[PDB]
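Below is one structure, written out as structure tokens; the observations come after it.
Methodologically, a virtual Cβ is constructed for each residue, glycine included, from the backbone with ideal geometry; neighbour enumeration extends over all protein chains shown. Bear in mind these aren't lab numbers, they're just calculated from the coordinates by the rules spelled out.
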Amino acid sequence: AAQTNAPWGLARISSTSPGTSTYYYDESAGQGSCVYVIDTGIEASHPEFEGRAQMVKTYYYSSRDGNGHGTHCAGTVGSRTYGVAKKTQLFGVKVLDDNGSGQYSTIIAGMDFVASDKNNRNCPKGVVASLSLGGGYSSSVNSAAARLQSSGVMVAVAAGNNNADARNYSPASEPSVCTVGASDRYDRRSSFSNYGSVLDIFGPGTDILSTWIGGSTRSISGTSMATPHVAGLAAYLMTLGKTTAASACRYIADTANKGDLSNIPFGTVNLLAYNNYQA
Ligand SMILES: [Ca+2]
Ligand SMILES: [Ca+2]
């Protein structure tokens with residue numbers, strides 16, 4: 001399949017070179033996989049989700065996304081026009097309030113919720129969790145992310161937007177998950193992206209068009225936007241049978257575009273997520 005005039009980040013993950021505008025992908029499109037978006041919520045009624053999104057848990061008064069951030073991230077995973085894995089199932093877990101903030105105890109609870117809840121769901125091709133959030137280093141937050149991965153979920157986490165070494169941030173610094181940095185449409189490291197030896201992979205993160213609340217769309221930037229590209233790619237590859245939740249991050253790194261990015265400090269991987277699609 002081919003989506004013409006796609007958002008640049010979708011085109012980039014299906015090309016060996018920057019500057020293209022078509023997203024090439026297998027029609028299976030993540031069908032049979034499930035992605036939990038652990039964030040501010042998801043506006044599940046947005047037409048772009050086609051009935052494939054549902055809220056399953058909130059830690060606040062409502063399950064509504066009153067912010068937009070979670071809806072944008074979910075759209076990059078799996079919306080029709082803006083998503084990597086256009087046929088996946090999306091599950092929302094609201095651990096962040098409508099200002100985009102959350103206490104670490106709530107974020108931990110939401111991770112342990114997903115590890116249990118996935119046993120109630122019919123996800124024959126596997127389960128992914130996308131965490132476009134973080135703060136200062138916490139061994140308890142890292143441990144929760146490690147538990148979620150251990151339970152059989154592919155965990156993708158944002159590196160953070162501090163232009164600093166991700167070793168000082170959580171859950172970015174947990175080695176056993178997939179820590180995602182951000183790039184721009186010219187194959188530069190995004191100016192805000194964290195870096196360091198704990199990063200596993202880069203994905204598109206500057207000027208990313210996706211869904212927003214109120215049935216709308218908008219472009220925003222962050223490692224929060226790169227993370228769902230990798231989560232969606234994992235779901236897509238799991239549906240094709242090319243990898244499993246335990247080894248998807250390694251498979252993505254193995255098969256990435258290598259050496260294409262600029263402004264990568266010595267000691268950080270130069271790897272950009274790539275779907276290797278051949279018609
Ligand atoms: Ca290249
Ligand atoms: Ca890792």
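Pairs are defined by a Cβ separation below 7 Å, a sequence spacing of at least 6 or placement on different chains, a first member in the stretch 75-89 that is in contact (Cβ under 8 Å) with a residue 40 or more places away in the chain and of a type in the set (D, E, K, R), and a second member that is in a helix (DSSP H, G or I) and crowded, with 24+ Cβ neighbours inside 10 Å; the pairs so defined are 86/78.
May I ask you to verify whether residue 232 is outside any strand (DSSP E or B) and either more than 13 Å from ligand 2 (Cβ to nearest atom) or within 16 Å of the chain's Cα centre (by Cα) (or both)? It is true that residue 232 is outside any strand (DSSP E or B) and either more than 13 Å from ligand 2 (Cβ to nearest atom) or within 16 Å of the chain's Cα centre (by Cα) (or both).
State yes or no: is residue 128 closer than 27 Å to residue 217 by Cβ and in contact with a strand residue (DSSP E or B) (Cβ under 9 Å, 6 or more places away or on another chain)? Judged against the criteria, residue 128 is a match.
When you go through 155, 198, 141 one by one, which is the residue that is within 16 Å of ligand 2 (Cβ to nearest atom), in a loop (DSSP other than H, G, I, E, B), without any contact (Cβ under 8 Å) to a residue 60 or more places away in the chain and not basic (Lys, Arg)? Write out each step before concluding.
Values: 155 fails: in a loop (DSSP other than H, G, I, E, B); 141 fails: in a loop (DSSP other than H, G, I, E, B).
Result of the check over 155, 198, 141: 198.
Every condition in (1) small (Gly, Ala, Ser); (2) more than 11 Å from ligand 2 (Cβ to nearest atom); (3) under 20 Å from residue 72 (Cβ atoms) holds for residue 150 except the one numbered (3). Restricted to the stretch 235-273, and to residues there that are of a type in the set (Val, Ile, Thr), within 16 Å of ligand 2 (Cβ to nearest atom) and surrounded by 21 or more Cβ atoms within 10 Å (Cβ to Cβ), the residue that is farthest from residue 11 (Cα to Cα) is 268. With respect to the conditions (1) without any contact (Cβ under 8 Å) to a residue 24 or more places away in the chain; (2) farther than 26 Å from residue 1 by Cα, residue 264 falls short on a single one, namely (1).
Return yes when residue 124 is within 15 Å of ligand 2 (Cβ to nearest atom) and not in a helix (DSSP H, G or I) and no when it is not.
On the way: within 15 Å of ligand 2 (Cβ to nearest atom): no; not in a helix (DSSP H, G or I): yes.
For residue 124, the condition - within 15 Å of ligand 2 (Cβ to nearest atom) and not in a helix (DSSP H, G or I) - is not met.
For the stretch 90-102, a residue qualifies if it is assigned to a strand (DSSP E or B) and either of a type in the set (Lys, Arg) or surrounded by fewer than 24 Cβ atoms within 10 Å (Cβ to Cβ) (or both), and exactly one does: 94.
Look at (1) within 16 Å of ligand 1 (Cβ to nearest atom); (2) outside any loop (DSSP other than H, G, I, E, B) and you find that residue 20 fails only one, number (2). If I go through the stretch 113-146 residue by residue, how many of them are under 19 Å from residue 58 (Cα atoms) and out of contact with any helix residue (DSSP H, G or I) (no Cβ under 9 Å at 6 or more places or on another chain)? The total comes to 7. For the residues 170, 183, the requirement of being surrounded by 24 or more Cβ atoms within 10 Å (Cβ to Cβ) and touching a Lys or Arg at 6+ places or on another chain (Cβ under 7 Å) singles out 183. Would you be able to say whether some residue in the stretch 211-223 is more than 27 Å from residue 66 (Cβ to Cβ), away from ligand 2 (no atom under 16 Å from the Cβ) and surrounded by fewer than 24 Cβ atoms within 10 Å (Cβ to Cβ)? So far as the stretch 211-223 goes, no, none of its residues is more than 27 Å from residue 66 (Cβ to Cβ), away from ligand 2 (no atom under 16 Å from the Cβ) and surrounded by fewer than 24 Cβ atoms within 10 Å (Cβ to Cβ).
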